Amino acid sequence: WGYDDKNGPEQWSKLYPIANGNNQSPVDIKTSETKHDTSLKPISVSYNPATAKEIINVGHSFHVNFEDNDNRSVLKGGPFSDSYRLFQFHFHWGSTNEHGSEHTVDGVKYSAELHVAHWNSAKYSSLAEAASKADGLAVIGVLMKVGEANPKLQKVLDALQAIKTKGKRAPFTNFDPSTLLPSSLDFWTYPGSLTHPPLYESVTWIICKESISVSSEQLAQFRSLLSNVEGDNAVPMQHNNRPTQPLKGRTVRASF
Ligand SMILES: CCOC(=O)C1=C(C)NC(=O)N[C@H]1c1ccc(S(N)(=O)=O)cc1
Ligand SMILES: [Zn+2]
């Protein structure tokens, strides 16, 4: 699977039928149709920079992975009673500045999107166990709006020169990804899925109301990453965003 016309989102359903499920992500958030929910607690993140482990080129994207052997780095509050353990962050982007976000807000497409992914360590003993369970994953989505260079991205962008081609990986240490989040943690939440195969309907989405910035040149760095292995013909990673999917009558709740 990939993002090409042949192996891309519109074809995913052939091998992964859950693509046509009732809890697929991402979605268009219609602000007129959101339900303000008084029970929602503030989102609480507490990440230890010592849990940062590795940056990896996975061909369709790059990931920054965290040591997840204990509760040093955790998400709490919002719609959750359980504590969720940080394991990864990554981005999505588009071929142009005009699209690239996965979530949209009232039809508006942002240039990119940050995903900070966590697993339910109260109920489950590993990411592998948690990953397929309705209450297994919690992902914070931050919409990224093209404008001023974002200095908080600096360590991440500087690391890409070491993982230019598929499969390449490097230590990525001493980094707290709560530095990338907007200063307001007002959010939307809805029950949904991983936005690429295997598309498990295991994610509680936390979508920040406030966007963070990214420059056109910072976006060019993401797209200058190569999907091919070293020595092969260069194939830029131009985009990796899934189209919005039907709500099929789910409710997006607002903390605000
Ligand atoms: C069984 C593992 O479970 C997962 O969590 C992931 C899988 C299979 N694939 C990845 O490459 N990384 C993880 C992932 C996390 C968040 C999103 S997203 N984009 O935030 O929905 C996708 C994949
Ligand atoms: Zn993602």
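Counting begins at 1 with the first residue displayed.
Method of determination (from the header): X-ray crystallography, 1.8 Å.
Cβ from N, Cα, C; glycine included.
Site annotation (Swiss-Prot, ligand Zn(2+) 2) includes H60, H63; from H118, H196, the additional listed residue is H196. Per Swiss-Prot, Zn(2+) 1 is bound by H90, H92; the candidate from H103, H115 named for the same site is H115.
Packing around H92 (Zn(2+) 1 binding site) is summarised by its Cβ count: 26 other Cβ atoms lie within 10 angstroms of its Cβ, all protein chains included. Its Cβ placed at the centre, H90 (Zn(2+) 1 binding site) has 21 other Cβ atoms within 10 Å. Mapped onto DSSP classes, the region 'Disordered' (236-256) shows 0 helix, 3 strand, 18 coil. Contact annotation for binding-site residues (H60, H92, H115, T195) versus ligand 1: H115, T195, each with CB under 6 Å from a ligand atom.
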